[PDB]
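Participant: One structure coming up, written as structure tokens, with questions to follow.
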Protein chains: 2
Amino acid sequence: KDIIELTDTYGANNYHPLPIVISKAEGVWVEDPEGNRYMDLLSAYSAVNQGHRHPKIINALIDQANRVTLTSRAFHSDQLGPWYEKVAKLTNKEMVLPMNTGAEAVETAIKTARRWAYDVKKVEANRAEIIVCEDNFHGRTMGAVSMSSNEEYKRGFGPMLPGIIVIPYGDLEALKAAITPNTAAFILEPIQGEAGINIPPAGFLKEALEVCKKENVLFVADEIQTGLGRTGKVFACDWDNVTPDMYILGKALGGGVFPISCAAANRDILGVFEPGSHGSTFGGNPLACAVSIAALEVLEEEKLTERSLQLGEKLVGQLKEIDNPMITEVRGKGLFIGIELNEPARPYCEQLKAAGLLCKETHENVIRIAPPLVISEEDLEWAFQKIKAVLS
Amino acid sequence: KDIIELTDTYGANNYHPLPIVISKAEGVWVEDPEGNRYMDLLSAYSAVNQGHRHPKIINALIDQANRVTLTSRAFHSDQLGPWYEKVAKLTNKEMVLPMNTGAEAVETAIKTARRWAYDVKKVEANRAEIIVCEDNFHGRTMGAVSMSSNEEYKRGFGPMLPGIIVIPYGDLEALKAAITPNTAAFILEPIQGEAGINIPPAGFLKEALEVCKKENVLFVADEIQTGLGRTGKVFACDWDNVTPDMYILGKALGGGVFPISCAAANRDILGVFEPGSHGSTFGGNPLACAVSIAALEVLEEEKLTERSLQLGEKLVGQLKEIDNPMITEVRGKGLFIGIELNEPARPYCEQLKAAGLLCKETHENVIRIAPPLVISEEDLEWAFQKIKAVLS
């Protein structure tokens, strides 16, 4: 409408979003000022796994906002405790450290990994190393961005943060070689998101962990995108039956209603933080907690993890039928799916918009398919057919 | 009410909070499970300038929570535009770049300064420098933490981000000496919060700004805590009639209801960012925007800036009547006040809790006094009497 001109007037150009304006949203559907409905196949990059404005989650926001929304970390809220306990049980880890955004939580992992390496592993001072994977995405803060293997995210941002090593994704021998006695941690996505939903070979996560165990290196899993039922299991590590040394959670942790993230690990790792060493102003505020608790209850109570598992499977099977040379591969776990093409994907993304489906290309060749895990069978079937009309 | 037993079990040790639990907050008053009411003289570290749960801000939370809360930055929202505009008009700057937390907005500033130093100033590649001040608090993320002059926030956190230089605070000469042709920016708090509410000499900011203009160095003011009426003026720079090359805002920008922050500068500075170079999932979401817009409307409509200026001057005057050699100085602007002692301040903070006032000392010997800007004259008078009983 005129919202775009107004945005272009005072708006920093760090983004170049589609000319579409969303003014309403519920479940998997979104609406513009004119009233055109679209189905969300992006799930806000997996933040709205419970659908847009889930009533139980919205009512949580509304209820906590009637009590208190911000107690400085100087004092206790009456929601942080319960939230800790719910996340601690879900991750089967001893302590939980709340932050606001994914990057913050990743940054927290950087700090946690390093001090552990020094205080506990007794690695040479200032000599700690962190293995990361190529084509990863962990955030935009200086610590996180220093990890990217995309020089566009790193161009002219001054001296980057030292002590980072990058290896090919899904490569066990690369990992083995990169490890030195100064290696603090190995941080990777169970499934690389922005990299094109590329799934590592089967059991790799179980093999990667065993390597890190032997070398006394922390195995840190970034599940901000893949965690919480997205991939058909509570965590994407569950596919290889792996319990990582530290979970990093975010996005869907707050149902897309409130930004809340966290690092979860046992007291031998997190315990390295003494009072005053780390934190933030909003991290673990009662509004985020109450909303997160509700978002996690929706997950289990409505069995969205299993709902994702089964429907995701069905759709991948339905998609693998579409006969065309253009389609290099259909891959995915649960409702975390990607379609790779030997052509660019943007044109077909435009064709899908015109039909009422919203999704965004990552890596050009691949089309994202990540609807809310609450999506009905009918709506999923209606979606499959629109995709078939365009890709056939 | 033993919520703490629950927090200790699964909680990380980066915070050692007072044993008190807040289950309800409204205006300047907070309340524990038992029913005991306290006055918040901390304002959640200056985030609830508008008081706890201001009805018009909670009202904006609900209205927007019935439309849409998270649209990926892959699409427009109908709240971002109007918010940009309201912040551009307030800062009198050409473009705005939204984030979620202060640390994020600072990290954004870091990336901006460097890219501008390379792209515009044409400094030598990967040799860009940034000047900061001793005892600064700019955040917890790796970039912000790298700026700290406190070794406890930096202990065992691996190789720190290079390209950061530290000078004394309020030292015009130090600044002059520290600037080289590779210096990108100079980032400072118009008043250092955590360092003990220490104000720089009068006109120091105006002089520093000039030193910066003549050296083509960005004058970046971190107003995350001092900004938005806290110090009796819309911005703390306004005391020296200074317009910085860039503002960094946060905390109260969202009225303590939703974490939102931003970097404000003209296009010759933020124009540096082309699409895809920066961003964040929740940064600039419609929910934070709707809430921030209400937060700013409350500030001006209720004239909290002036209400802070007048009550702040009155209180400082009153506190200076208290005769005790213990008191080294009483200093402040608006309601951003600190009382320095020659003894440790913690004991007197405890006495105050028992008197119904909540604050936390900083720099050991400084008692923070910073109640919400909505505090009524009566309640401020009552507060003074309690403080007088403790410090006399």
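Chain labels follow the order of the structure tokens: the first chain is A, the next B, and so on; residue numbering restarts at 1 in every chain, and ligands are counted from 1 in their shown order.
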Identify, on the basis of only C-alpha atoms, every residue whose closest approach to residue 254 of chain B does not exceed 9 Å; exclude the query and any residue fewer than 4 positions from it along the same chain; express the result as number ranges by chain.
Facilitator: B: 47-48, 57, 250, 258-261, 288-289, 291-296
Participant: Take the residues from that selection and put them in a file with N, CA and C atoms, as an mmCIF file, in the first residue's frame.
Facilitator:
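Output file out-v7.cif is given in full below:
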data_model
loop_
_atom_site.group_PDB
_atom_site.id
_atom_site.type_symbol
_atom_site.label_atom_id
_atom_site.label_comp_id
_atom_site.auth_asym_id
_atom_site.auth_seq_id
_atom_site.Cartn_x
_atom_site.Cartn_y
_atom_site.Cartn_z
ATOM 1 N N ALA B 47 14.156 0.620 31.958
ATOM 2 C CA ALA B 47 13.359 0.115 30.846
ATOM 3 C C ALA B 47 11.891 0.508 31.003
ATOM 4 N N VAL B 48 11.441 0.672 32.245
ATOM 5 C CA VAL B 48 10.063 1.079 32.503
ATOM 6 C C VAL B 48 9.979 2.550 32.901
ATOM 7 N N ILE B 57 0.192 1.066 26.875
ATOM 8 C CA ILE B 57 1.205 0.230 26.236
ATOM 9 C C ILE B 57 0.770 -1.234 26.243
ATOM 10 N N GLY B 250 17.222 1.790 23.197
ATOM 11 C CA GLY B 250 16.709 0.513 23.656
ATOM 12 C C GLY B 250 15.937 0.611 24.959
ATOM 13 N N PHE B 258 8.070 -5.116 25.651
ATOM 14 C CA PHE B 258 8.622 -5.903 24.558
ATOM 15 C C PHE B 258 10.010 -5.379 24.215
ATOM 16 N N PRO B 259 11.005 -6.276 24.153
ATOM 17 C CA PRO B 259 12.381 -5.847 23.885
ATOM 18 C C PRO B 259 12.567 -5.351 22.457
ATOM 19 N N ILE B 260 12.790 -4.050 22.308
ATOM 20 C CA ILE B 260 13.041 -3.459 21.002
ATOM 21 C C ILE B 260 14.126 -2.391 21.110
ATOM 22 N N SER B 261 14.960 -2.306 20.079
ATOM 23 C CA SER B 261 16.078 -1.374 20.064
ATOM 24 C C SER B 261 16.308 -0.891 18.636
ATOM 25 N N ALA B 288 6.486 -5.730 18.434
ATOM 26 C CA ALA B 288 7.427 -4.825 19.086
ATOM 27 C C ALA B 288 7.193 -3.394 18.611
ATOM 28 N N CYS B 289 6.851 -3.253 17.335
ATOM 29 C CA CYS B 289 6.639 -1.941 16.734
ATOM 30 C C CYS B 289 5.397 -1.256 17.295
ATOM 31 N N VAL B 291 3.996 -1.827 20.092
ATOM 32 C CA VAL B 291 4.260 -1.558 21.502
ATOM 33 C C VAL B 291 5.192 -0.362 21.676
ATOM 34 N N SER B 292 6.220 -0.282 20.837
ATOM 35 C CA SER B 292 7.168 0.825 20.894
ATOM 36 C C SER B 292 6.501 2.151 20.534
ATOM 37 N N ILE B 293 5.599 2.114 19.560
ATOM 38 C CA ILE B 293 4.884 3.313 19.146
ATOM 39 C C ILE B 293 4.042 3.864 20.296
ATOM 40 N N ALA B 294 3.387 2.972 21.035
ATOM 41 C CA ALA B 294 2.609 3.370 22.203
ATOM 42 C C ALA B 294 3.538 3.866 23.305
ATOM 43 N N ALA B 295 4.705 3.238 23.413
ATOM 44 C CA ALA B 295 5.680 3.613 24.428
ATOM 45 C C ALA B 295 6.146 5.053 24.234
ATOM 46 N N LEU B 296 6.310 5.459 22.979
ATOM 47 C CA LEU B 296 6.792 6.800 22.666
ATOM 48 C C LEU B 296 5.676 7.831 22.797
#
Participant: Using only C-alpha atoms, find the residues of chain B whose closest atom to chain A is at most 6 Å away, then write them as a VMD selection string.
Facilitator: chain B and resid 6 to 7 10 to 18 21 to 25 44 67 to 70 72 74 to 78 81 84 94 to 97 107 111 114 to 115 126 128 141 to 143 153 156 to 159 161 to 162 256 to 257 273 to 278
Participant: What gap, in Å, lies between atom CA of residue 235 of chain A and atom CA of residue 252 of chain A?
Facilitator: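 A separation of 12.1 Å between them.
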Participant: Any idea what the distance is between atom CA of residue 220 of chain A and atom CA of residue 137 of chain A?
Facilitator: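 So the answer is 14.1 Å.
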Participant: Please identify the helix (DSSP H, G or I) residues within segment 178-289 of chain A (assignment by DSSP from backbone atoms) and present them as a ChimeraX atom specification.
Facilitator: /A:178,204-214,236-240,251-254,267-270,286-289
Participant: Export, as a compact mmCIF listing (two decimals), in the first residue's frame, the selected residues with N, CA, C and O atoms.
Facilitator:
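Okay, selection05.txt is ready:
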# COMPACT_ATOMS: atom_id res chain seq x y z
N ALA A 178 40.45 -31.36 11.86
CA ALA A 178 40.42 -30.00 12.37
C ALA A 178 40.70 -29.93 13.87
O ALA A 178 41.25 -28.95 14.36
N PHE A 204 25.55 -39.59 11.16
CA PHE A 204 26.66 -38.65 11.25
C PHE A 204 26.70 -37.94 12.60
O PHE A 204 27.76 -37.75 13.18
N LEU A 205 25.53 -37.55 13.09
CA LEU A 205 25.44 -36.83 14.36
C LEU A 205 25.86 -37.73 15.52
O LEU A 205 26.40 -37.26 16.51
N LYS A 206 25.59 -39.03 15.38
CA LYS A 206 26.00 -40.00 16.39
C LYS A 206 27.50 -40.23 16.31
O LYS A 206 28.17 -40.45 17.32
N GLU A 207 28.03 -40.19 15.09
CA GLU A 207 29.46 -40.38 14.86
C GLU A 207 30.24 -39.13 15.26
O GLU A 207 31.32 -39.22 15.85
N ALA A 208 29.70 -37.96 14.93
CA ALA A 208 30.33 -36.69 15.27
C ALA A 208 30.47 -36.55 16.78
O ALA A 208 31.51 -36.11 17.27
N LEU A 209 29.43 -36.93 17.50
CA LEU A 209 29.42 -36.85 18.96
C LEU A 209 30.49 -37.75 19.58
O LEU A 209 31.18 -37.34 20.51
N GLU A 210 30.61 -38.96 19.06
CA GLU A 210 31.59 -39.92 19.57
C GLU A 210 33.01 -39.40 19.39
O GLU A 210 33.87 -39.63 20.24
N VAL A 211 33.25 -38.71 18.28
CA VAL A 211 34.56 -38.11 18.03
C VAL A 211 34.84 -37.03 19.06
O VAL A 211 35.92 -36.98 19.65
N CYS A 212 33.86 -36.16 19.28
CA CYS A 212 33.99 -35.07 20.24
C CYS A 212 34.15 -35.60 21.66
O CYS A 212 34.91 -35.04 22.45
N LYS A 213 33.43 -36.67 21.98
CA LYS A 213 33.54 -37.30 23.29
C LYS A 213 34.97 -37.75 23.54
O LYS A 213 35.57 -37.43 24.57
N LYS A 214 35.52 -38.51 22.59
CA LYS A 214 36.88 -39.03 22.72
C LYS A 214 37.90 -37.91 22.88
O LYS A 214 38.86 -38.04 23.64
N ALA A 236 16.19 -32.35 16.34
CA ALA A 236 16.70 -32.97 15.12
C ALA A 236 17.83 -33.95 15.44
O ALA A 236 18.17 -34.80 14.62
N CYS A 237 18.41 -33.81 16.63
CA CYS A 237 19.43 -34.74 17.09
C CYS A 237 18.81 -36.10 17.40
O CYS A 237 19.47 -37.13 17.30
N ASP A 238 17.54 -36.09 17.78
CA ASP A 238 16.83 -37.31 18.14
C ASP A 238 16.83 -38.32 16.99
O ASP A 238 16.69 -39.52 17.22
N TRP A 239 16.98 -37.83 15.77
CA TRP A 239 16.99 -38.71 14.61
C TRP A 239 18.16 -39.69 14.66
O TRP A 239 18.06 -40.82 14.18
N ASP A 240 19.28 -39.25 15.23
CA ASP A 240 20.43 -40.12 15.43
C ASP A 240 20.56 -40.52 16.89
O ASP A 240 21.59 -41.05 17.32
N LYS A 251 13.67 -19.18 18.25
CA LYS A 251 12.53 -19.03 17.34
C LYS A 251 11.22 -19.59 17.92
O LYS A 251 10.52 -18.89 18.65
N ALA A 252 10.91 -20.84 17.61
CA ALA A 252 9.62 -21.42 18.01
C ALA A 252 9.49 -21.57 19.52
O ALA A 252 8.41 -21.84 20.04
N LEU A 253 10.60 -21.38 20.24
CA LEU A 253 10.59 -21.46 21.69
C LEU A 253 9.54 -20.51 22.28
O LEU A 253 9.01 -20.76 23.37
N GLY A 254 9.24 -19.44 21.56
CA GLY A 254 8.27 -18.46 22.01
C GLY A 254 7.06 -18.35 21.10
O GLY A 254 6.32 -17.37 21.15
N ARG A 267 25.60 -28.99 34.55
CA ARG A 267 26.28 -28.06 35.45
C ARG A 267 27.79 -28.03 35.25
O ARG A 267 28.45 -27.07 35.64
N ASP A 268 28.33 -29.04 34.60
CA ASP A 268 29.75 -29.04 34.37
C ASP A 268 30.13 -28.11 33.26
O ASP A 268 31.28 -27.82 33.07
N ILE A 269 29.16 -27.65 32.51
CA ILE A 269 29.47 -26.74 31.43
C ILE A 269 28.99 -25.34 31.70
O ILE A 269 29.74 -24.40 31.64
N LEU A 270 27.72 -25.21 32.00
CA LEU A 270 27.12 -23.94 32.31
C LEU A 270 27.59 -23.38 33.63
O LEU A 270 27.61 -22.18 33.83
N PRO A 286 9.52 -12.45 32.69
CA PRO A 286 8.32 -13.27 32.94
C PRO A 286 7.35 -13.33 31.76
O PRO A 286 6.62 -14.31 31.64
N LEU A 287 7.33 -12.31 30.91
CA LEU A 287 6.44 -12.31 29.76
C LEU A 287 6.88 -13.36 28.75
O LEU A 287 6.07 -14.13 28.25
N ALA A 288 8.18 -13.38 28.46
CA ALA A 288 8.74 -14.38 27.56
C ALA A 288 8.56 -15.78 28.12
O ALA A 288 8.23 -16.72 27.39
N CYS A 289 8.76 -15.93 29.43
CA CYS A 289 8.65 -17.23 30.08
C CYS A 289 7.23 -17.76 30.00
O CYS A 289 7.00 -18.88 29.55
Participant: Compare A:165, A:345, A:327, A:374 by their minimum atom-to-atom distance to residue 188 of chain A, counting only C-alpha atoms, and give me the closest one.
Facilitator: A:165
